[PDB]
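# I need the structure of the sequence given here:
(4 chains, ligands or ions: 4)
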Protein chains: 4
Amino acid sequence: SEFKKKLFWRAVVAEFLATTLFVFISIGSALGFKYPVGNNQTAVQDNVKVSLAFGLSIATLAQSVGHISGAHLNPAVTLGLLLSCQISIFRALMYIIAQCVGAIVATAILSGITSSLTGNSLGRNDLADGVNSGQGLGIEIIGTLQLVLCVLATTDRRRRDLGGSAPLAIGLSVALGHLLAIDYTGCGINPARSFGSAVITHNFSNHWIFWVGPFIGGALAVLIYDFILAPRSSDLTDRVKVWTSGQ
Amino acid sequence: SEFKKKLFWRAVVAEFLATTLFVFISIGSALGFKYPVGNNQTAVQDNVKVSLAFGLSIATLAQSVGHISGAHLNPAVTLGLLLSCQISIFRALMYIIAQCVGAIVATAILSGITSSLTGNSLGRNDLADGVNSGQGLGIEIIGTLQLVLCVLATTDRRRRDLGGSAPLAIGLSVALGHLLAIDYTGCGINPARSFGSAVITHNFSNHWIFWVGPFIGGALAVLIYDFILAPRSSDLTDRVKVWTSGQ
Amino acid sequence: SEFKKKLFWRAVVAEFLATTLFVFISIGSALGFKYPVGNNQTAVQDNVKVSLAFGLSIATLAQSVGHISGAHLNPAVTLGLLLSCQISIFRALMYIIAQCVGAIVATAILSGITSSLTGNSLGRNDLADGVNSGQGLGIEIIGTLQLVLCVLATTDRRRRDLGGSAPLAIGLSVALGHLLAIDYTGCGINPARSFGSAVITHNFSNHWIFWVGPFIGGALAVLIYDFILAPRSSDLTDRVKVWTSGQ
Amino acid sequence: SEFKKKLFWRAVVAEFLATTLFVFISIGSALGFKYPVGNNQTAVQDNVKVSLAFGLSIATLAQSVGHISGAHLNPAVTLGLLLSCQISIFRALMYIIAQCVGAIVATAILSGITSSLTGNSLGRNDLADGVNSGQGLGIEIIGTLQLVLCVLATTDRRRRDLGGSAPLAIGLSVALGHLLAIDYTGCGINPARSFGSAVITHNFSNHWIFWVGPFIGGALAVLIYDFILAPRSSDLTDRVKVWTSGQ
Ligand SMILES: CC(C)CCC[C@@H](C)[C@H]1CC[C@H]2[C@@H]3CC=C4C[C@@H](O)CC[C@]4(C)[C@H]3CC[C@]12C
Ligand SMILES: CC(C)CCC[C@@H](C)[C@H]1CC[C@H]2[C@@H]3CC=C4C[C@@H](O)CC[C@]4(C)[C@H]3CC[C@]12C
Ligand SMILES: CC(C)CCC[C@@H](C)[C@H]1CC[C@H]2[C@@H]3CC=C4C[C@@H](O)CC[C@]4(C)[C@H]3CC[C@]12C
Ligand SMILES: CC(C)CCC[C@@H](C)[C@H]1CC[C@H]2[C@@H]3CC=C4C[C@@H](O)CC[C@]4(C)[C@H]3CC[C@]12C
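Numbering: from 1, shown residues only, chains lettered A, B, ... in the order given. Ligands and ions are numbered 1, 2, ... in the order given. Have a look at this structure:
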């Protein structure tokens, strides 16, 4: 069905390119504070700068490819939309693969560009001092929960009171998550974004947190928005059939 | 009437969950500047970061549950909407109870997560040096007045010139209040948000300010918007009947 | 005509109250960096905080009273709308008087609240070191020019491509002007806002700049938008009659 | 055709004036951190302030002259719209000339205003220490690519899901590019903006990067958005005829 449709592959390529741009721009803005290399200054990372960079990248790329691919740009958001029965399993898998490949390519290109930084971590997400696995896991769970909840509520298609720009809302949610989690874990929040940095830097220390926590948060957000707050008056079998049909 | 309706209880649970997420994310972003614990640095709290975190949390959760619960997320805003005769007394009481419980739960969860911080105040609102009870009370009154005025003017339902995103407007109002009041009192502005921190930290010093001042500001905003600027051409008895009817 | 209409006086009172809230909140956020008084720290004023406070105050109060008074909140913007023949002369004079009185009241209330600050200038706009009268005058002219141009283009009523929130656009224009002019002159940009601080602090040094420059910028913006970019296909006599008719 | 139309010349003058205002305000906000001159402090440039100034200037001027000139304000964006066959070659050339002249005039006026700064570079874009020609070229390419992609996707005219303010989206894209590239190259991103500073400061060191990289990024964005993601079902000859017809 969707395997032989041109629009599906265009959406996959759009997700790949937009994830590449998002990862590259956001991590490049995150690593900007270490420049100039020659100037010896005790520069402090600005959380507002990085959070706004992530949020505006999400908003801009969502405005770019919302009508083309739905503007997922996150394996956790894609998995949440799969669990809310909006996209097919094959589409979700292709989106996750494209996002991971794009993040890896973007991180490699940035590491080539930012090769002058000694000991460059390429914005790799890791636990800060004083934060163990459980606390960072909970922070990631809450951030991805609010992000997936915002995504689900924005793309409900049953609401006539919606106003403003949906890409702006998604970007502000991402920026909120970053303002929350940068000081704690660097705000992984995106399994592809952390996975690309882990692959390029050859460091997978505490990498399971940024793949499990976002998925748990997305699943909790789906459970809440679909069975507590705004239930849908449809049979479960029909929504399960969307996984094998994609419509 | 509303006691036996499923939608009312779904709205109450939505208010509870959204208040939990708001309090947790906002206070976690406020306490982020103290990390890493091992690194001994004279870190300075960024007011822009905390104000944007509060505002974007308000905007995101309002976008999430506006069609479900009305997106109050504030005992002062709920009391103002009660005094403007838009919601029933029972609904207002349930919203206040849910917001307080959610704030307490969020503060407890964050204190569990942020247990590594020595002498962690959990973002407890208190008077700064040089500010007495009256000055902080006035600052809180003005901030809650502008917030409740924005909420009332946005949800007027008689205006056809409204544009953009209403959750964005509410979030920007909250961020404005925080930019005003963080340096003075930490911008309590929300009786549930301060109440949860006071309960968890077992400190109620000058806690009456953050419960009286927001209520006074909300009442003043209701009085202004309903009897000076945009009066409603309806009898007072019919609006009083909304308290016992909820319609 | 308009002297005996209730809506005109409600609009005047709305302008007064919104200008009071704007001046109070914005200057209070500007003076926040000097707290705590007891703590001896070399605190540096954050231009982003003050600019965002001014912009969000403008946006929130415009969202509050746009349908009531038109949300001028600036003697320069009011004079520009008078010169673009949208409001009457009496309405413009009443708006200017109300804005000045509200700014004076707000500055007095804040000085009462911020009395603990030694040598508190109450956010009085003055020329910085290295900037003479001409340079600050030009900066104020450009800032008010872009602000009045944005106000005129937003409230054109002939454009069907308008989107988003107009109060948000006006607030972002104000924040842009502040990001431009805070380091130079403190971004007066509003004759009432500077006038209130000058009256309360009993200091009128270089105060003519903040009353002449904004007016010149507004007049230039009106001239441009009405005779170079988007001319109106109406006789000049009919537009002059709006000054004595108000319709 | 368009040479004898008044609206075309009004659009050209609007582009000139808006580019002048954009360059002047943005570079003035960028150079604000060096004041006061007499006060000897180790002031650090705030990237958030400069990025927000650029973005809000773009958004405000786009809101001002979108219905008049299309709000290009960038030779790279104008070239991208020419390559996407939306504007004529003569219109693109006139827009580029007007933008360059306006940027030169704005930089000269600001240098007159900011003459008190010793060794004032007038915000001239140059490679930072540790960044060679290739890395800065790639950063500029990516920033202009995302900017032109956002511009093309926003002004598609085939999308009915668009919401919010398009000038706000363009301004947020510009602010995102600045948050990315300020630490690396100062975020040239606009050939006119860098060209004016280079002409006024009489320094063209590494100036080819800020004229080649933005053009490459715009061309890549046009290629992507027009042949990979959202192809148009029209013959190439008809779109080529727009270059000589302008319709
Ligand atoms: C992503 C695309 C569209 C734009 C960026 C690609 C180009 C400009 C980038 C990507 C990889 C980069 C190279 C990566 C590594 C190095 C080694 C270093 O010692 C000198 C610079 C050099 C040789 C870089 C030059 C610029 C470069 C070729
Ligand atoms: C709110 C939900 C959905 C997510 C967060 C819940 C989980 C991940 C949090 C909440 C309470 C947390 C615990 C609170 C206290 C402590 C004691 C400390 O010495 C080690 C960590 C530990 C044991 C935390 C581990 C993580 C934890 C269990
Ligand atoms: C504007 C309205 C709605 C709210 C603010 C008004 C009230 C709370 C403010 C305005 C003026 C203020 C007073 C101004 C001056 C002083 C003197 C000082 O040594 C102690 C505090 C005291 C006595 C302030 C107390 C609080 C105060 C009374
Ligand atoms: C762009 C327009 C609308 C507003 C700005 C124009 C005016 C106010 C500006 C532009 C050029 C400026 C002059 C440029 C250079 C100098 C030399 C210096 O030693 C004293 C100030 C002085 C004499 C400036 C005074 C103010 C000035 C005349």
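# from here on, contacts and neighbour counts on C-alpha atoms
Fine.
# contacting residues for the residue of chain A found nearest chain C?
Going by CA to the nearest CA, chain C is nearest to residue A:164 of chain A, at 5.6 Å. Each residue near residue A:164 by CA atoms under 8 Å, 6 or more residues apart in numbering or on different chains is listed here: B:163, B:164, B:165, B:166, C:164, C:165, D:163, D:164, D:165.
# now the first one: how far from ligand 1?
For residue B:163, the distance to ligand 1 under the criterion CA to the nearest ligand atom, to the nearest Å works out to 38 Å.
# Contact partners for that residue?
Neighbours of residue B:163 in contact, by CA under 8 Å, 6+ apart: A:163, A:164, C:163, C:164, C:165, C:166.
# switch to 10 Å and redo it
Counting by CA atoms under 10 Å, 6 or more residues apart in numbering or on different chains, residue B:163 makes contact with A:163-164, B:154, C:63, C:162-168, D:164-165.
# and what of the fourth one?
With contact taken as CA under 10 Å, 6+ apart, residue B:166 is in contact with A:161-164, B:59, B:62-63, B:66, B:150-151, B:154-155, B:172, C:63, C:165.
# ditto for the third one
With contact set as CA under 10 Å, 6+ apart, residue B:165 has these partners: A:161-166, A:168-169, B:59, B:63, B:154, B:171, C:164-165, C:168, D:163-164.
# With just CA atoms, put the helix or strand hosting residue A:196 into PDB.
Per DSSP states H and E: residue A:196 is located in helix A:191-201. Taking Å, rounded to 0.1, in the frame of the first residue of the first chain, the C-alpha atoms of helix A:191-201 are listed here in PDB:
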ATOM      1  CA  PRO A 191      16.300   9.300  20.800                       C
ATOM      2  CA  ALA A 192      17.700  10.000  17.300                       C
ATOM      3  CA  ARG A 193      19.400  13.200  18.500                       C
ATOM      4  CA  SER A 194      21.200  11.500  21.400                       C
ATOM      5  CA  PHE A 195      21.800   8.400  19.300                       C
ATOM      6  CA  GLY A 196      23.700  10.300  16.600                       C
ATOM      7  CA  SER A 197      26.000  12.000  19.100                       C
ATOM      8  CA  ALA A 198      26.600   8.600  20.800                       C
ATOM      9  CA  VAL A 199      27.500   6.900  17.500                       C
ATOM     10  CA  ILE A 200      29.800   9.700  16.300                       C
ATOM     11  CA  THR A 201      31.500  10.200  19.700                       C
END
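# what comes up buried for that helix?
For helix A:191-201, burial by neighbour count (16 or more other CA atoms under 10 Å in any protein chain shown) applies to A:191, A:192, A:193, A:194, A:195, A:196, A:197, A:198, A:200, A:201.
# Is any residue of it near chain D?
No: Helix A:191-201 stays clear of chain D (CA under 10 Å from any CA of the partner chain), getting no nearer than 16.6 Å.
# and the next element down the chain from that helix?
helix A:209-224.
# returning to what we had before: how about the buried residues of helix A:191-201 in CSV, adding distance to residue C:110?
CSV is the format used below for these (distance: CA to CA, whole Å):
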residue, distance to residue C:110
A:191, 48
A:192, 50
A:193, 47
A:194, 47
A:195, 51
A:196, 51
A:197, 50
A:198, 52
A:200, 54
A:201, 53
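# And the residue of chain A that's closest to ligand 3?
Here chain A gets closest to ligand 3 at one residue, residue A:176, 31.2 Å apart by CA to the nearest ligand atom.
# How about the residues of chain A by ligand 2?
A:134, A:135, A:137, A:138, A:141 (CA under 6 Å from any ligand atom).
# Check the offset of stretch A:37-44 from the chain's centre.
Distance of stretch A:37-44 from the chain centroid (CA atoms, centre = their mean, to the nearest Å) equals 30 Å.
# Quick one: end-to-end distance for it.
One end of stretch A:37-44 sits 14 Å from the other (CA to CA, to the nearest Å).
# Next, see if it gets close to chain C.
No: using CA under 10 Å from any CA, stretch A:37-44 stays clear of chain C, with a minimum separation of 15.3 Å.
# list the buried ones in that stretch?
Under 16+ other CA under 10 Å, stretch A:37-44 has no buried positions.
# and residue A:233, how many neighbours?
For residue A:233, the number of neighbouring residues by other CA atoms under 10 Å in any protein chain shown comes to 6.
# same deal with the one 5 residues further on?
Residue neighbour count, defined by other CA under 10 Å, stands at 10 for residue A:238.
# So the residue of chain A closest to ligand 3 is in contact with residue A:56, correct?
No: applying CA atoms under 10 Å, one finds residue A:176 not in contact with residue A:56, separated by 11.5 Å.
# all strands for chain A, in order.
Using DSSP state E, no strands are found in chain A.
# What residues does it have near chain C?
Checking chain A against chain C by CA under 10 Å from any CA, the hits are A:163, A:164, A:165.
# Please repeat the previous calculation with a cut-off of 7 Å.
residue A:164 (CA under 7 Å from any CA of the partner chain).
# and chain A, which residues reach ligand 1?
Going by CA under 6 Å from any ligand atom, the residues of chain A near ligand 1 are A:109, A:112, A:113.
# any chance of these in TSV, with neighbour count too?
Formatted as TSV, the residues of chain A next to ligand 1 follow (neighbours: other CA atoms under 10 Å in any protein chain shown):
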residue	neighbour count
A:109	17
A:112	11
A:113	19
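# Among those residues, which lie within helices?
A:109, A:112, A:113 (DSSP state H).
# With respect to chain D, which of the residues you listed is nearest?
Checking these against chain D by CA to the nearest CA gives residue A:113 as the nearest, at 4.9 Å.
# Look up how far residue A:53 lies from the closest residue to the closest one other than its chain neighbours.
Excluding the flanking residues, the one nearest residue A:113 by CA to CA, 6 or more residues apart in numbering or on different chains is residue D:135, at 4.9 Å. Shown here: residue D:135 relative to residue A:53, a distance of 19 Å by CA to CA.
# Residue A:137 contacts residue A:209, doesn't it?
Yes: the pair residue A:137 / residue A:209 is scored as a contact, 5.7 Å apart, by CA atoms under 7 Å.
# quick one: common contacting residues for the two?
In terms of CA atoms under 7 Å, 6 or more residues apart in numbering or on different chains, residue A:137 and residue A:209 are not both contacted by any residue.
# Of residue A:176 and residue A:56, which one has the most company?
It is residue A:176, of residue A:176 and residue A:56, that has more neighbours when counted by other CA under 10 Å, with 33 against 30.
# Show the contacting residues for the more buried one.
For residue A:176, the residues meeting the contact criterion (CA under 7 Å, 6+ apart) are B:53, B:56, B:57.
# ok, the first one touching residue A:181?
When you say that, I think you mean residue B:53. No: using CA under 7 Å, residue B:53 makes no contact with residue A:181, being 10.7 Å away.
# The two: who's more crowded?
residue B:53 (33 against 25).
# residue contacts, the more buried one?
By CA under 7 Å, 6+ apart, the contact list for residue B:53 reads A:176, A:179, B:26, B:29.
# For residue B:4, see how far away it is.
37 Å.
# wait, which of the residues of chain A next to ligand 2 is closest to residue A:124?
Relative to residue A:124, the closest of these is residue A:137; by CA to CA it sits at 15.7 Å.
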